[PDB]
DNA sequence: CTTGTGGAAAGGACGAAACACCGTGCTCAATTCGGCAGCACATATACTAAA
DNA sequence: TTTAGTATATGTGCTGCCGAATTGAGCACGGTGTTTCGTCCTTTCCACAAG
RNA sequence: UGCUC
Ligand SMILES: Nc1nc2c(ncn2[C@@H]2O[C@H](COP(=O)(O)OP(=O)(O)OP(=O)(O)O)[C@@H](O)[C@H]2O)c(=O)[nH]1
Ligand code: SF4
Ligand SMILES: [Zn+2]
Ligand SMILES: [Zn+2]
Ligand SMILES: [Zn+2]
């Protein structure tokens, strides 16, 4: 699979749409699970355990969806969830479990849950100066000056 | 120029300058090395100290502090080359009095 | 009605204040942006491209094509600079040692200088004294650098600061995570263990985990210099008005005018003779374009850093074409003339164009003995006397003598060659036109380029000069021969 | 210095340029001032 | 610190004036210097220098210290000039936590710098008498009560008191009184029995003399840090954990300083009995909350003990590091998109990683991940390790590992925020200057009405105000007003990120 | 090989990412209004020292009518060193 | 002996790449001479341990 | 508690790998200039089959 | 490079 083939590669062409759809569906499923866990409000520990989703569970869910024809292994969904974690949208925890319906890792199980971001967007990004690509060439008196700036002009006009 | 076939003039080498200094003839040395060799009139801005053109300073976008100045052309070439090397010579002019 | 504005003032330069320019000041000084790597157009006229190298908006180098910025010819054009933007910053080879010194002076975490409050006050009091000379400034810099290198921990933020040195060429290495023989600190242990993923994916990282110190690329150095407090800038012995620490790392290159880069149009073949600076700037633009192309196409980091180092080396050669730490595979093939090479050397600007330069109204001839002339007199041939002219101002005393000289003309030995009127500075050649009408219309104040006649003081010198007596001012006497004759008693001084 | 004077094209301070010359013109320093009537 | 100097100059020019902002910038750039050299370098009169130094030290912006030969040197505090921008946030938080009385108290303390309790309470009463009407007068009793309540909470602190001259070296007076700080009477308010009623601006000996007060910005910084941590933990787990951590921080505020790696540990019983009764929460629920927070991979709290039932401690430095990482990833996401943020979090979690490993763990096709990596490199978001095989450091024979340094990235982002606020202030001043003609026109046409409002006020002056040519310019006036409002809002909101970054950079240093 | 560019890049290159809109709520608006009030009231404060006007053209009877009058705060000379007394 | 429709080849622009076909590969230093940076390394000062 | 031993700690002190200098000029001339390695487009000329 | 001195 490494030198050729792969569940994502189709005829030596990476399927960005496929991975995007996988990420969106997994995030929607995890968000719905977390919402159900929060609405249950039975007990904080039970809430956190219910919001958690094992790799095998989400894998079987994706298989039931059947978005694509290629068979997706458990490690594929694991990598998708790892990419989602790298997106800052979900959280994974390794719990100790000898054997069960997953039986993937020896004595360990990865549980994933949808988590909200730490803080909302900061104040720097709300100003054109923080997202400016030529911010280095800013100067008081010159061609690029805050007085005759186009970014701030369009931002205030909007 | 250098050669006779190229219609070149004589060279007042460093030793000739040393002899003229030893004699103390300041005006003769000035006329030889400045007036009769590479005399030129440049325009310098009294605000930023940079070199202008036609009585105008493109740096400050003004012409009130620009003034003419006599200078050897080799000295202006040196100043330009130094400005190219990021070594900016800022000239602070003043009245001759 | 009319505003009072002074025409000309007798301005005299007082002193030259050296300094540095920031990228913003470079943009402000420059007129256009050079982005095209080519020189001429595709058409058979081979006209210079627009917004590219050799553009006439940055001056002129041909007698036929005038400057586009100022409507003047080559003789009156002073030239204009241009600015070229670089994708990645590069270290300035000239200030590279200064960059290392500053990095050793300041902290690599908070950008503050490695000095206590007491030492800061002491240095400020020692620097505030009037009459500070260059030697004293350099000595204070040395002392402050030594006392900063003595310390190893920061008193402002508490971050550790190891040794900063030079590795390879135009690369700086900061030994932050140094090997500690005694009990190791938590910081170095955390840094060493943070390579878990790297070792898992690449085992070769584990054997080479050592010697993995911080590499201060131009980006990090510039980011650190941009956050240096202005209070510590005077402590670096750098004048704040002259420049800033962020100016040592160059992001824009100042392409000089065409007056410095003369181009010869060799119509005898399909090519033109250009200086080395033009080729260096073309190569720099090509490297910037290649780096941008690799960034857009997503190249590997290894080749990206290779191109960055190649750009740094080419910029250093453009500044100083004679370095020592040049790798063999990166060594230039031919020899180019950089600014340093044009400044230093026997044929440099200081020794070749400032200290000793060529002048006009001078001749060189063989000498022959003639004892019939006084010791203070020298014989000049008629042929040379007719070429070396002296500008005499028409006054109330020598009016008739200049009239007669003009009537004689450039053919007869006693005479002149050109007349410059007082009102208009348009010269008039005496070989053409009625010389009598010109003689009759000689107003007071005019300049007449009279031939070298008897009684004119003339310098006579022997090129190899040992003492001042090798050059003496004699009285010229015109003679029909073709050699310089003088009394032989004056042979001992000239040797 | 002398070298900088030679480079910048100005008369060096040494030699004949150490001193300055004045013109012995017929003048009257501090001439009489016209009196102000209104003030 | 050029951006910092520019921001300080802009603030001092917009707040105090021109002849004083020059002295302030000179002090910030050159540091401690005597008065004569400052006056010589500035190029102004000596009286102006004295007035500038006095009006600056009044607001606690600059300090004076003695040295050899009895010379006095004035040093400016750039940190205080930067905190000056946080006055609106201070007023808002003191109005939220307290009543309008404390709001006006803090406003007067910040606008005057140093004042006595009697003066500030008198000013508060005079200003509040305008808020209410119907002959109701404002007494000093409630104002002094609010002042002492703010004092015992460490929001307002007594200024350094000059030591007694008679007891300390009685004789020749020194050039400077050498004000010292005492922690005993730092928050002790004086007993002032005199009372009074505020005047309604009709326009028709001091017991607390020498005791000056000021706003304790450290307490405001601590409160903002606590609020930020509470909001973070609320967005992460739930509002119950937010209330729990708020109670824990409220309990820890008094028994801790403003800089410590760990706070004093608390037990479960005290946190339970101190929690508001408004929440129907039992002991086991609190224990579950604490033990699940201790297992959080962000390390907001820690056990750090088992005695007294459930013993837990709060991690402040770890929380600030998490907030800084959140800010950095959020700005990366908003500046380069979600994929670049994914790559950033990947290279952050993995301390060292290469291009192929990044592409394998991120599932981002080639020619795009390397582009974003190089873009982040060009912006100083990460540094390369460049482990060399040979001391030659040749690129063709070395490995390049990507690694994000949180400290340098945070410093760079703080500098970027400073320069952004500077540019916003410059743009606001430019918009105000270019339109000052229309501003004066509007001011005059509105003062035509403001004058003779009641006395000799004829109705024939109401239909001629809009008759002028200012009507079509009202659109430009409204545009300028909304632009200035949005610029001020952005400047205020960037102050939160500036505070986060400054706290992160401060709590990570040792100052050894 | 990289293509040659005839004209220089734009002075302000366009970006597909726009700034996040500002936070809304009573708190932000109140802070904005308070900052504006501080701007308006701190310039008229005696601490805001203005540039001393000079070079008066003439003296007139209307001077006393146009004479700018404003109360001046008295600094505490006990805490301030002696070098700042007028 | 003249001719032509189609074919091959030769010459001159032209663009990707980097002046050496392949990746190698050498020698000599041109003579001081004043910086230096490394290492090393030494000696003593200070602090811990045995009596 | 105090004298003796061990370690560090910086200083200082002797090398060895760097970077920089080496008369003034005047005069003649021969060389060669950046290119060149391979691909494609265009134009021309001549192997046979045709009058 | 050759020279001239
Ligand atoms: N015929 C002749 N040979 C020369 C000239 N200059 C140098 N050479 C020869 O070339 C060798 C030295 O070359 P250089 O004089 O250094 O050449 P260069 O000065 O670098 O070349 P340019 O910089 O183009 O003047 C000597 O061995 C000379 O024989 C010259 O003007 N004429
Ligand atoms: S161009 Fe204007 S908006 Fe953009 S960074 Fe510069 S000052 Fe800010
Ligand atoms: Zn100027
Ligand atoms: Zn020009
Ligand atoms: Zn530091």
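What you see of chain B is 1036-1132, where the numbers are those given in Swiss-Prot.
Recorded method for this deposit: electron microscopy, 3.6 Å.
Every residue, even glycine, has its Cβ placed from backbone N, Cα and C.
Copied over from Swiss-Prot, here are the features:
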{"type": "BINDING", "residues": "B:1039, B:1040, B:1046", "note": "DNA template strand binding site"}
{"type": "ZN_FING", "residues": "B:1080-1095", "note": "zinc finger"}
{"type": "BINDING", "residues": "B:1080, B:1083, B:1092, B:1095", "note": "Zn(2+) binding site"}
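Other residues of the chain with a Cβ within 8 Å of the Cβ centroid of B:1080, B:1083, B:1092, B:1095, the Zn(2+) site, are B:1081, B:1082, B:1084, B:1085, B:1087, B:1093, B:1094, B:1097, B:1100, B:1101. Between the C-alpha atoms of residue B:1039 (DNA template strand binding site) and residue B:1080 (Zn(2+) binding site), the distance comes to 40 Å. With DSSP states grouped into helix (H, G, I), strand (E, B) and coil, the zinc finger (B:1080-1095) comes out at 0 helix, 4 strand, 12 coil. Put simply, residue B:1080 (Zn(2+) binding site) is 33 Å from residue B:1046 (DNA template strand binding site) when counted between their Cα atoms. The most densely surrounded of the binding-site residues B:1039, B:1046, judged by C-beta neighbours within 10 angstroms, is B:1046. In this structure, the C-alpha atom of residue B:1080 (Zn(2+) binding site) lies 41 angstrom from that of residue B:1040 (DNA template strand binding site). Around the Cβ of residue B:1040 (DNA template strand binding site), a 10 Å sphere holds 7 further Cβ atoms from the protein chains shown.
Cβ environment of residue B:1095 (Zn(2+) binding site): B:1080, B:1082, B:1083 lie under 8 Å away, each six or more residues apart in the same chain. In sequence order, the binding-site residues from B:1040, B:1046, B:1092 that place a Cβ under 8 angstroms from a chain C Cβ are B:1046. Taking B:1046, B:1080, B:1092 as the candidate binding-site residues, the subset whose CB lies under 6 angstroms from any atom of ligand 3 consists of B:1080, B:1092. Residues from the binding-site residues list (B:1039, B:1040, B:1046, B:1080, B:1095) with a C-beta closer than 6 Å to any atom of ligand 2: none. Each residue contributes its Cα atom, and for residue B:1040 (DNA template strand binding site) and residue B:1092 (Zn(2+) binding site) those atoms are 41 Å apart.
DSSP assigns residue B:1039 (DNA template strand binding site) to coil, not to a helix or a strand. Within 10 Å of the Cβ of residue B:1083 (Zn(2+) binding site) there are 19 other Cβ atoms, across all protein chains. Other Cβ atoms within 10 Å of the Cβ of residue B:1080 (Zn(2+) binding site) number 24 in total over all chains. Within its own chain, residue B:1092 (Zn(2+) binding site) has B:1078, B:1080, B:1082, B:1083, B:1085, B:1098, B:1100, B:1101 as residues 6 or more apart in sequence whose C-beta sits under 8 angstroms from its own.
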